[PDB]
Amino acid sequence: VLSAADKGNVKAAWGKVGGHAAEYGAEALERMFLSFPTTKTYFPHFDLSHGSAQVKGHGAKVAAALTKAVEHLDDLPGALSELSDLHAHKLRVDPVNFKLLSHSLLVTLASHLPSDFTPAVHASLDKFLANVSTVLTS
């Protein structure tokens, strides 16, 4: 449901992420788990310590999903249908936790892209992550 302006800012920012998307996904998860320990209980099968290969590999998966989303902003429900079922039906992820990951992602992106993470880009990315979150909790 993003505006044209928001779509533009999201595609531009995600372009700047480029080949670091997996790295940023992994850092976002790490920041989520450290700042918001309630989220750790969704990953009992993971070692969640710094530098865990499971967190690293999961970050690459999350990055691939966000890249797919960026490439299909006009049909997120379709593009993310399998992931929506997984998160909402199988995992029963509490909607609040999408806010916590989204914040963690913004912190990570701001850290790495300080010139590109303008107020407008921050606002657009916030709405993007909220839209992804809505789809994955439907």
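Numbering starts at 1 and follows the sequence shown.
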| item | value |
| --- | --- |
| Mean Cα B-factor comparison, 14 to 22 or 120 to 128, giving the higher one as deposited | 14 to 22 |
| Of 81 to 89 and 59 to 67, the one with larger mean CA B-factor | 81 to 89 |
| Among 53, 106, 29, 76 - the residue whose C-alpha B-factor is largest in the record | 76 |
| Where the record places residue 36 (Cα B-factor, split into thirds across the chain) | middle |
| Chain-wide C-alpha B factor ranking for residue 110, given as lowest, middle or highest third | lowest |
| Entry-reported Cα temperature factor of residue 96, expressed as the chain third it lands in | middle |
